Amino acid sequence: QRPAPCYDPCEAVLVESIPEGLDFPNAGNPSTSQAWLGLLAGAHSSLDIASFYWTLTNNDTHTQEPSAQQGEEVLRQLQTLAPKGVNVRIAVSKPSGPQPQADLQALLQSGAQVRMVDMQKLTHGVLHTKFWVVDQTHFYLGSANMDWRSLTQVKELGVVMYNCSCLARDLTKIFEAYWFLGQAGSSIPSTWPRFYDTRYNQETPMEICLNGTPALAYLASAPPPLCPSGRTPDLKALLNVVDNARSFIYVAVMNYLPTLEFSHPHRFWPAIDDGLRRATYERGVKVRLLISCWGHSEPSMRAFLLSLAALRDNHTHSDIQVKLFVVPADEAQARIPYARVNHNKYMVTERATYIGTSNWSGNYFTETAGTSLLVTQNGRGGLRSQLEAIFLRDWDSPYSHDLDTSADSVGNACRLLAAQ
């Protein structure tokens, strides 16, 4: 009944982008930039990228920022791959309206293959997923977009899994669905062919050797129409981690909204919300929600976060806490479009790791493409402990604020704090 184990010497590394000027005294991980350049340098056979959008250059953003150099170097290194015999396949979300695609035009000219996926037509969503699969051996999964700002001006969390071909091949099955749908005349098949199916899921995760000790790993995906036989839905994977927690649930996610956003009429979506309420009330689980805040934050989030924060009670052992993580901006940084925010999307418990591409609102689980990596591993000092340490560093930092914080005190625009 249990599927075949993996014999690969899998190694996981948490990789962050830390924005220019954001300091954590006496806390270090390899950067997104360093990890990506390393993957590109080592690529010999194949590179698959699932992507939301491409702005790797100053010219793409109409800026003259020195901090765009890292993104520009990534694009220059990507351009070397197809000429040296690497099979480059890039799946990209179709943009809402007309938009120039300088990065992808450059990669096409280099010999890379590019397909735009019209998720708006197919599912009324977008291709939000961010991952790389390198030589069917290594992968990056996380929050970082193909954006120079993702390296130097926004906070990101991802994982690079090295030397893990069984899980790399499993992730490629998710990529292949995007790749298929990127073709002219494509439609959602009523039944995905057998080659898209996986044996590795919530019920029977993949047995891997992760950093020299046994672990259970699987990859969940969204949305439901893209889900072949055996593939765990992202929402099911996420709620299973919440439902199995017996001590704590720590969530760092850019946006949290228990709704189907931009819907007409508005639709309430309490799947995750009731999961967290159940955890704290039934099992006395300590919940810490670290939500990002910036000038583009949906203001409707504040009331729902205040609603969760109200469930702290010493007698029932109900204990949900909410903080807003705000990346400070100086005058120069404030001029950079869509920068100075924390893009992390992950969850860690006492027993589980969840690393995602999606924000925690309903569209990400019903219409929009996403992928998550689920790991459990008996013992201490592993991937789970490292992610918990990152969460607590951010939670305890001067960049994290209670909901009663004065908006005028936090060092960037924040739509989720009041004047008082």
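Just count from 1 along the sequence shown to find any residue number.
According to the record, no deposited residue between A389 and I390 is left without atomic coordinates. Checked against the record, the higher mean CA B factor of 154-162 and 307-315 lies with 307-315. Here the stretch with the larger average CA B-factor, out of 368-376 and 38-46, is 38-46. Across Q77, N344, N255, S221, the greatest Cα temperature factor reported in the deposited entry is at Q77. The PDB entry assigns the greatest CA B-factor among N240, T172, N201, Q99 to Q99. In the PDB entry, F131 places in the lowest third of its chain by CA B-factor. Among the modelled residues of the chain, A352 sits in the middle third by CA temperature factor in this PDB entry. Sorting the modelled residues of the chain by their CA temperature factor places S190 in the highest third. In this PDB entry, the Cα temperature factor of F262 sits in the top third of its chain's modelled residues, the highest group. In this PDB entry, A332 carries a Cα temperature factor that places it within the highest third of its chain's modelled residues.
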